[PDB]
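Structure, as structure tokens:
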Amino acid sequence: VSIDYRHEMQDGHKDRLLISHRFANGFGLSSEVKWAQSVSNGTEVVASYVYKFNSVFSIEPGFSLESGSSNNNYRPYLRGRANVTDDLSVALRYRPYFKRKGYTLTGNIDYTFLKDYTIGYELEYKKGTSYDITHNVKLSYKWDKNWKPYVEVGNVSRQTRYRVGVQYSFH
Ligand SMILES: O=C(O)[C@H]1O[C@H](O[C@@H]2[C@H](O)[C@@H](O)[C@@H](O[C@@H]3[C@H](O)[C@@H](O)[C@@H](O[C@@H]4[C@H](O)[C@@H](O)[C@@H](O[C@@H]5[C@H](O)[C@@H](O)[C@@H](O)O[C@@H]5C(=O)O)O[C@@H]4C(=O)O)O[C@@H]3C(=O)O)O[C@@H]2C(=O)O)[C@H](O)[C@@H](O)[C@H]1O
Ligand SMILES: CCCCCCCCOCCOCCOCCOCCO
Ligand SMILES: CCCCCCCCOCCOCCOCCOCCO
Ligand SMILES: CCCCCCCC
Ligand SMILES: CCCCCCCC
Ligand SMILES: CCCCCCCC
Ligand SMILES: CCCCCCCC
Numbered sequence: 001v002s003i004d005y006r007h008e009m010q011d016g017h018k019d020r021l022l023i024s025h026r027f028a029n030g031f032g033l034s035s036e037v038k039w040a041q042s056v057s058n059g060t061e062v063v064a065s066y067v068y069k070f071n072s073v074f075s076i077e078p079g080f081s082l083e084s085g086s087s088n089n090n091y092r093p094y095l096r097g098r099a100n101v102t103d104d105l106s107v108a109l110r111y112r113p114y115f116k117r130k131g132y133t134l135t136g137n138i139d140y141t142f143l144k145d146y147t148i149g150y151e152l153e154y155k156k157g158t159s170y171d172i173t174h175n176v177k178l179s180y181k182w183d184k185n186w187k188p189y190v191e192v193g194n195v196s204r205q206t207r208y209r210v211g212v213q214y215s216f217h
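Mapped onto the authors' numbering, the consecutive letters of the sequence shown carry residue numbers 1 to 11, 16 to 42, 56 to 117, 130 to 159, 170 to 196, 204 to 217.
Listed below in structure tokens is the structure:
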């Protein structure tokens with residue numbers, strides 16, 4: 001089980021607390037409380066299964082619902098992942114959204142170095158139906184077996207988005 005707090009700012017601010025767990029059988033579940041000001058709030062829940070074909074490739078179908086003051090939306094997904102080495106993995110996710130319509134396509138490259146550091150590149154395309172492009176860089180550090188602080192800097196277009211957070215892992 002892990003508890004992840006994150007603070008986000010652009011250019016008011018957003019906060020989240022994400023609680024999740026991945027079972028050894030590949031089933032996973034998470035719940036996220038979110039709050040923001042420029056005031057708003059919301060709750061997202063996610064269920065998924067990682068099916069691994071082997072040590073290189075896996076697929077992850079997912080289901081999510083969000084309920085909040087601003088909006089609600091349903092966002093199922095399918096993430097493929099390829100571990101090209103022990104230290105290097107790539108993934109691609111298709112995630113439609115239906116909100117009170131469109132999809133995102135998200136590519137990730139994650140590289141672990143010096144045991145405890147991971148640098149991630151993320152490229153995300155969002156297209157509505159009735170483009171935005173994100174370039175995001177994440178650096179995280181496994182401080183000890185329980186704590187992993189991290190920072191991310193991304194562009195959205204023009205505007206810069208900053209995140210700092212920490213993940214707590216239970217043992
Ligand atoms: O229209 C709206 O409702 C909003 O649109 C905007 O939001 C963006 C984005 O478009 C949303 O999809 C969303 O992002 C997702 C999460 O909320 C966010 O914390 C983050 O997720 C991480 C991780 O990057 C992601 O890959 C995934 O992790 C999987 C899996 O779910 C986990 O269980 C675990 O197995 O690890 C996996 C992994 O590492 O890949 O979920 C993570 C998590 O924290 O749960 O990205 C998600 C995503 O990209 O889909 O919110 C964004 C936001 O900025 O809020 C817009 O910004 C907003 O204003 C609304 O209008
Ligand atoms: C393998 C499945 C393990 C699931 C364990 C987590 C379930 C523990 O119960 C928590 C339920 O909490 C309900 C909170 O109430 C909020 C109201 O909305 C809930 C609608 O589902
Ligand atoms: C055989 C294993 C399958 C692995 C699953 C990978 C995830 C599925 O990807 C779906 C591809 O959808 C791409 C849609 O692209 C639309 C056009 O691109 C956006 C430009 O406007
Ligand atoms: C297992 C910890 C995640 C909490 C999920 C709650 C689902 C309603
Ligand atoms: C009670 C929240 C969980 C709903 C999604 C679970 C689908 C398996
Ligand atoms: C609603 C279950 C998830 C479906 C995943 C395939 C479409 C993204
Ligand atoms: C401020 C860090 C949030 C996670 C800590 C979990 C407390 C048991």
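Note that the Cβ used here is the ideal one computed from N, Cα and C, for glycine as well.
Notebook entry, point to check: Based on the DSSP secondary-structure assignment, which residues constitute the bridge partners of residue 141?
Noted result: Looking up residue 141 in the sequence shown gives position 112. DSSP output for residue 141 lists 147 as bridge partner(s).
Margin query: Given this structure, state the Cα-to-Cα distance separating residue 32 from residue 170, to the nearest angstrom.
Written below: Residue numbering aside, residue 32 sits at position 28 when the sequence shown is read from its first letter. Residue numbering aside, residue 170 sits at position 131 when the sequence shown is read from its first letter. Taking the straight line from one Cα to the other gives about 30 Å.
Next item on the list: Under 8 Å by Cβ, that's how I've got residue 59 and residue 16 pegged, so tell me the actual separation to the nearest angstrom.
Entry: By one-based count along the sequence shown, residue 59 stands at place 42. By one-based count along the sequence shown, residue 16 stands at place 12. 15 Å between Cβ atoms; not a contact.
Notebook entry, point to check: Is residue 23 near ligand 7, going by C-beta to nearest heavy atom under 6 Å?
Noted result: One-based indexing of the sequence shown puts residue 23 at position 19. Outside the cutoff, so no.
Note to self: With a threshold of 6 Å on Cβ separation, who are the neighbours of residue 136 within its own chain once the five nearest residues in sequence on each side are excluded?
What the structure shows: In the sequence shown, counting from the first residue as 1, residue 136 sits at position 107. Answer for residue 136: 109, 152, listed in chain order.
Notebook entry, point to check: Taking the alpha-carbon positions, what's the residue 132 to residue 214 distance?
Noted result: Start at 1 with the first residue of the sequence shown, and residue 132 comes out as number 103. Start at 1 with the first residue of the sequence shown, and residue 214 comes out as number 168. Their backbone Cα atoms lie some 30 Å apart in a straight line.
Check: Would you say the beta carbon of residue 34 comes nearer than 6 Å to a heavy atom of ligand 1?
Finding: Position 30 of the sequence shown, counted from the start, is the residue given in the question as residue 34. The answer is yes for residue 34.
Check: In chain order, what residues of the same chain lie with their CB nearer than 8 Å to the CB of residue 25, ignoring the 5 residues before and after it?
Finding: On the sequence shown, residue 25 is found 21 positions in, with the first residue counted as 1. Counting only Cβ-Cβ distances below 8 Å, and skipping sequence neighbours, we find 1, 2, 32, 33, 34.
Next item on the list: Give me the Cα-Cα distance between residue 97 and residue 76, rounded to the nearest whole angstrom.
Entry: Taking the sequence shown and counting its residues from 1, one reaches residue 97 at position 80. Taking the sequence shown and counting its residues from 1, one reaches residue 76 at position 59. Looking at the two C-alpha atoms, the distance is approximately 5 Å.
Note to self: What I want to know is whether the C-beta of residue 80 ends up closer than 6 Å to one or more non-hydrogen atoms of ligand 6.
What the structure shows: Within the sequence shown, numbered from 1, the residue matching residue 80 stands at position 63. Yes, the beta carbon of residue 80 sits closer than 6 Å to at least one heavy atom of ligand 6.
Check: Between 83, 69, 68, which lies nearest to residue 62 when the distance is taken from Cα to Cα?
Finding: Here residue 62 is taken as the residue at index 45 of the sequence shown, counted from 1. Of the candidates 83, 69, 68, the one whose C-alpha sits nearest the C-alpha of residue 62 is 83.
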